[PDB]
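Notes to accompany the following structure.
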Amino acid sequence: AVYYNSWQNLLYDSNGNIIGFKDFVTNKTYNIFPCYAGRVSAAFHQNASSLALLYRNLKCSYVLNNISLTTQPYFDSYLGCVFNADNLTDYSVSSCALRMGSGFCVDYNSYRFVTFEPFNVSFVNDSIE
Amino acid sequence: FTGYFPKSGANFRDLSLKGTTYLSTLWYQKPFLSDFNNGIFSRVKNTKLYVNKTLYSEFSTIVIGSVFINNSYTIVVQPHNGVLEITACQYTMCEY
Amino acid sequence: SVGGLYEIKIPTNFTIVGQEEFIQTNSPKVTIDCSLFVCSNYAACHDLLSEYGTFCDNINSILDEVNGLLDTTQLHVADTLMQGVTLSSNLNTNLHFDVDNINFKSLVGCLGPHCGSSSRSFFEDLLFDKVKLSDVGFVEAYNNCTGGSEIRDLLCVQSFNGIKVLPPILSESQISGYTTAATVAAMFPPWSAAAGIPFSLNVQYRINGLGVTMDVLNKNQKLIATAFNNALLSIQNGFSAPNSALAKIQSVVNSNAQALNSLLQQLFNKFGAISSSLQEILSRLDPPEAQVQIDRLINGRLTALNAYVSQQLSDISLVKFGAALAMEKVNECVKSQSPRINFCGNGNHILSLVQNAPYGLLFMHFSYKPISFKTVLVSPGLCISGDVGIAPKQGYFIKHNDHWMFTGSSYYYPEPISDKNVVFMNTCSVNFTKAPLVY
Amino acid sequence: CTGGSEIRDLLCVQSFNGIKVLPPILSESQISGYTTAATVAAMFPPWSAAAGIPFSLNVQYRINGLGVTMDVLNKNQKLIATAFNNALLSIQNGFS
Amino acid sequence: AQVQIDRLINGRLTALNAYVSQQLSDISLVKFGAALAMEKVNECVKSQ
Amino acid sequence: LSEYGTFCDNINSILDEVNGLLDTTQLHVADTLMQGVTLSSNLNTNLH
Amino acid sequence: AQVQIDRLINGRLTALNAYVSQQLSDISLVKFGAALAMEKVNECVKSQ
Amino acid sequence: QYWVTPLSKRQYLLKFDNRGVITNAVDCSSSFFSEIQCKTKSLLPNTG
Ligand SMILES: *[C@@H]1O[C@H](CO)[C@@H](O[C@@H]2O[C@H](CO)[C@@H](O[C@@H]3O[C@H](CO)[C@@H](O)[C@H](O)[C@@H]3O)[C@H](O)[C@H]2NC(C)=O)[C@H](O)[C@H]1NC(C)=O
Ligand SMILES: *[C@@H]1O[C@H](CO)[C@@H](O[C@@H]2O[C@H](CO)[C@@H](O)[C@H](O)[C@H]2NC(C)=O)[C@H](O)[C@H]1NC(C)=O
Ligand SMILES: *[C@@H]1O[C@H](CO)[C@@H](O[C@@H]2O[C@H](CO)[C@@H](O)[C@H](O)[C@H]2NC(C)=O)[C@H](O)[C@H]1NC(C)=O
Ligand SMILES: *[C@@H]1O[C@H](CO)[C@@H](O)[C@H](O)[C@H]1NC(C)=O
Ligand SMILES: *[C@@H]1O[C@H](CO)[C@@H](O)[C@H](O)[C@H]1NC(C)=O
Ligand SMILES: *[C@@H]1O[C@H](CO)[C@@H](O)[C@H](O)[C@H]1NC(C)=O
Ligand SMILES: *[C@@H]1O[C@H](CO)[C@@H](O)[C@H](O)[C@H]1NC(C)=O
């Protein structure tokens, strides 16, 4: 940082929050960023004995390294890291009780992470010419 | 931000007085002797003079006080050609 | 009326004009963690907030109801788009994109899931690229909240404070695929969205229904097709200008961002407390006085959440109204042509097409636009032969070559009077021009 | 509100307390002009608001579309016109 | 005085919030009615 | 009241949005009324 | 007791205001649905 | 030249550039345009 003058040691935003500081002892300048906060989207089916967990917009590496270690299987979906659900986006369902967003569904038989395709085109094999 | 600021649209008053030999007693009265109240903002011109092409800086000295006598502190801000001497002392301030 | 004839300006030349219309059918699904918003990380605040009980539960329940309403609305819109659509399995949009000199290439994306998410059309691609915060835009912005960047995105701050936009249950790619399927349903047999006839014939019949003779329509078919795809190109190019529909689309995102920022700003209001920061209060006071201050913050933040919730309910009511209008327009302007004059845009509406837009649908209304006019003397009826009255069907009776002839009301083309273009009456009305020599 | 009247209008009190009704962007006179223009578009050629035909012929055709033969309509045109403007007069008188 | 004025501020701000919510709700109905009026102008006056 | 923050700002913003919706609605109604209206310049309602 | 009862009065009046706003919003949708139902009675049952 | 003006506790809108220098300021209560500037927290408010 080059914006600290001799008398200045704190960086503030428009709302009065501290977002950076120059250390008094070492003169080293830092930016201050908030620690991560967020929710877990849990998909539950009445017939199941466990939960499917979706950490929205978080990669599985980030979840495991910086939030919590778990023994459940995981994979990186479009919506974020998904726990305890099989990645089966090549499969499709027309009805969905656990809608996760962006055309993705959690389907319970275990939980499966599948695509939600509620509507089809009726197809005929007649010629278009 | 709320702070001690000038009122925009108000008037600056050029209270600097330059004499040569004679001092008018009217200089040491109102409206030149002014009330302090919360405070003042000063816009001071640095009168840059040259002697043998050597730059010299001069501008008016301001005193801030109440009664200007040696049982009371007077703040004095006096330039000394690059050195701004600020004192707050029990000065025997002169009449003029 | 000079005698029995009035002066009327009848078009002698015409073009086809395209008009955009964006109708909002969806909005960002805002979810608030009331506990994280009101109390952040602070155990002393969560304890006091738990004494307020069902307030955060009520906020969560109302927002869940609102978001479920949005999801059901999106499902209904998709169902409306996909209703009655029958497509040939031989349809491959890579090669079949124009028919009868009308180019639908820009209105059609990839057909079938085998092409993937590329089902979005060139039109929809051009429209989506100019709006950053679509569903995928929100997903990417929230993905970047743990990338370690030095950029302080407002969306990341909002999400960290419990304010997050969730993606819709159906991705906009799916909606674009649905609109592509609806659009190609008019291109090719069985023409399931074009009244079971070729698109150009449907356009010709729609123009003829306005009072234009079939002769000029089937003689100027190439000109009509050129005018049609020129109108489509005019719409597409008008998106680059300060377009009103693009401004309306961006207004949804801008208003959502403004509401979210205003809600986040509530976390910096003191509400009469010593500070808006729970950190400062808990570092200044013991539990007895800290509780007094934290209660003022809890009350201010819960009031702000309630106000935002009421606003969101009110806004989603209008979103539902707009979605109902959009479904009605899909049914009665795109898939068919309901006899409602100014429902599908202004003017002499010919036909309408629909394309996917961020948080809504964009309708392209194509109209019959007269270019030049001829002022002619017209008769609204004639008393002919044995005092039998005749009235023109979607036209007028004109004196041409000192002879009574018929012309359409929307195009000047004198043609002989016949039972095709005449309504018969057993007794002619008064002020009907006398014409005993006719028929 | 500034006429100095002895009458205490509640609107003036509300406005003094910050509650005021602002006029619409288009005056009701403009809206009435628009409605007048839309109405006269039905009497006279080009009959842009009456499907391009005289108003009386439009009324007769609309009645015929209900299942009324044209023979009675075009011989009772005077009676139909008097019934129409009597209905309009009744609508006007109903506001009393 | 601040203790009393804060109670008046909170009451008056709550009243303003309630009026604002009611006004939004009423204007939604006004918009619905105006849409109906435009539809009637199009489909009863200008055409049948 | 200044220490309560953006409360009055939210009130004013919501009411401004409501009144702008009313204004846009009135413009749309007027546009619907005048859509497609063509009148003769010879028209003089004092006699016709 | 007045201090405690005042906190209960404020909480209960805020809850009533929130419920009132929700009820207004819901009845707007009920009116829209009833308008749709009347339109369908007119244009699907009584006629086509 | 020694220009002196009184000071008082006033609210200002201070704009800082990307290097932390105060480049512009607005005395909020000095004028109507100053009030608009402070209300929008911008030196050049939007047309309205
Ligand atoms: C009637 O049938 C004929 C024959 O099948 C159709 O003619 C075809 O019309 C298409 C236009 O839709 C022509 O495609 C054109 O290709 C050229 C490049 O050669 C390109 O520059 C144009 O922009 C357009 O894409 C196609 O060549 C043409 N084929 C033949 C054999 O004439 C016609 O469209 C059908 N309909 C009508 C109303 O005539
Ligand atoms: C950190 O920066 C400060 C500010 O420049 C340094 O303090 C100055 O050091 C110089 C050099 O000895 C002195 O002449 C000044 O009097 C000091 N104070 C000020 C206000 O300038 C300090 O030495 C630096 N420390 C490190 C470890 O870099
Ligand atoms: C989740 O499953 C999907 C579907 O099987 C995977 O997507 C496929 O991945 C294979 C291998 O990389 C590709 O050959 C296919 O083309 C992909 N199909 C689609 C439609 O994208 C996806 O990679 C899986 N993800 C994880 C994290 O396992
Ligand atoms: C949609 O089509 C797919 C592919 O054939 C099929 O698996 C699925 O059951 C269909 N769903 C519906 C509701 O038609
Ligand atoms: C279409 O499908 C039917 C039923 O399987 C079959 O009899 C017919 O030959 C098919 N036609 C084509 C062109 O594939
Ligand atoms: C109609 O107008 C276009 C362009 O203005 C022109 O090219 C064309 O020749 C005109 N046709 C007639 C019949 O006037
Ligand atoms: C996310 O970050 C990547 C890499 O920094 C960047 O390329 C991309 O544009 C960003 N997207 C958003 C929505 O911030």
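Note that these values count all heavy atoms, side chains included, but never hydrogens, waters or copies made by symmetry. Throughout, a chain's letter reflects where its sequence line sits, starting with A, and its residues are numbered from 1.
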Can you confirm whether more than 12 heavy atoms, excluding those of [X], are under 6.0 Å from its [atom1] atom?
X: A:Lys59; atom1: NZ; value: no
X: C:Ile151; atom1: CD1; value: no
X: C:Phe128; atom1: CZ; value: yes
X: A:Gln8; atom1: CD; value: yes

Closest-packed option against chain A by number of heavy-atom pairs under 4.5 Å, given [options]:
options: C:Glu150, C:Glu172, C:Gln83; answer: C:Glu150
options: C:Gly112, C:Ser277, C:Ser89; answer: C:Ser89
options: C:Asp79, C:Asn41, C:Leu91; answer: C:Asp79

request  = Would you indicate whether the side-chain heavy atoms of C:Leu81 and A:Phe119 approach each other to under 4.5 Å?
outcome  =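 A:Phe119 vs C:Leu81: side chains apart.
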
Would you compute the distance between atom [atom1] of [X] and atom [atom2] of [Y] and round it to the nearest 0.5 angstrom?
X: C:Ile169; Y: A:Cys105; atom1: CD1; atom2: SG; value: 10.0 Å
X: A:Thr115; Y: C:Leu170; atom1: OG1; atom2: CG; value: 11.0 Å
X: C:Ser276; Y: A:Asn15; atom1: OG; atom2: CG; value: 8.5 Å

Minimum-distance pair of heavy atoms, taken over all atoms of [X] and [Y]:
X: C:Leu166; Y: A:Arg56; answer: CD2-CD, 3.6 Å
X: C:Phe160; Y: A:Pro34; answer: CD1-CG, 3.6 Å
X: A:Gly103; Y: C:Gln174; answer: CA-OE1, 3.2 Å
X: C:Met82; Y: A:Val121; answer: CE-CG2, 3.5 Å

ask   = Taking it one step at a time, do C:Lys164 and A:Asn57 satisfy side chain to side chain donor-acceptor pair (under 3.5 Å)?
value = CA-CA 11 Å; C:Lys164 195 165 184 168; A:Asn57 310 103; 3.0 Å; yes

Does any backbone or side-chain atom of [X] lie under 4.5 Å from a heavy atom of chain A? Answer side chain, backbone, both or neither.
X: C:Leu267; answer: neither
X: C:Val136; answer: both
X: C:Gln265; answer: side chain
X: C:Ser149; answer: backbone

For [X], which atoms come within 4.5 Å of any heavy atom of chain C: side chain, backbone, both, or neither?
X: A:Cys35; result: backbone
X: A:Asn17; result: side chain
X: A:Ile19; result: both
X: A:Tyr78; result: both

task = Test the C:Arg152-A:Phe33 pair against the cation-pi criterion, namely NZ or CZ under 6.0 angstrom from the six-membered ring centroid and within 45° of the ring axis.
result = yes

ask   = If you check every heavy atom in residues 122-129 of chain A against those of chain C, which residues fall under 4.5 Å?
value =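 Within residues 122-129 of chain A, the residues that come under 4.5 Å of chain C (heavy atoms only) are A:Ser122, A:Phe123, A:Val124, A:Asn125, A:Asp126, A:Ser127, A:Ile128, A:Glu129.
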
